[PDB]
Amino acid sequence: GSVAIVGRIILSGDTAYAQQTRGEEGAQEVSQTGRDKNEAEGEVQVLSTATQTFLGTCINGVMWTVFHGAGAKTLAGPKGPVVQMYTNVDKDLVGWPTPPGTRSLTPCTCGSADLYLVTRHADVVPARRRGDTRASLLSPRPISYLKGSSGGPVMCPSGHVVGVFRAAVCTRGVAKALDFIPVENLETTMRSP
């Protein structure tokens, strides 16, 4: 089974919109055959396997997502399934060559502490950065609000990408903070010998 693109999260600065591109049947077919003839576009994709769904974020020519969503699976593409370029279980990180037609977000170099997560439902969730990999939510959220958004982007006010959403700091079913793979750690992954 392959990972399939089933939609994209269109970013328009302050707001986002979730556009579905595959229904359940089409999604399953793309994952089964590993072949996807739709011309992809955008920077944030909605991804699905046979059993799960989550997000992927295009950065530095690679579409990144979480290992706990994609495993080591191939990505369905126009020429057939595409093997993962990066697979790091320790970081819960995987990457494929960015699908043709997509574009990459720019890594943030402005150091702003005011961040926002874009969820799979196109919700924008403000957060305040707390160290390298964490950001505290301005408003607590039920975990169901954030489920399915692993692999989505954490952004700065200028529309730069700061990190890739990995996990929620969550007790008693309420998320208080975000854990994300910082963009600098993606560059390290692309530099690791």
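Numbers for residues come from their place in the sequence shown, where the first is 1.
Relative to one another, 128-136 and 161-169 have unequal mean CA B-factors, and 128-136 is the one with the higher figure. For the pair 182-190 and 4-12, the record assigns the higher mean C-alpha temperature factor to 182-190. Per the PDB record, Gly34 has a higher Cα B-factor than any other of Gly34, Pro142, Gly151, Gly61. Of all the options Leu47, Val66, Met155, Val30, the entry's greatest CA B-factor is assigned to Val30.
Per the deposited record, the Cα B-factor of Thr53 falls in the middle third when ranked against the other modelled residues of its chain. The PDB entry assigns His121 a C-alpha temperature factor belonging to the middle third of its chain's modelled residues. Sort the chain's modelled residues by C-alpha temperature factor and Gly111 lands in the highest third, per the entry. In this PDB entry, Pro81 carries a Cα temperature factor that places it within the middle third of its chain's modelled residues. When the modelled residues of the chain are ordered by their C-alpha B factor, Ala18 lands in the lowest third.
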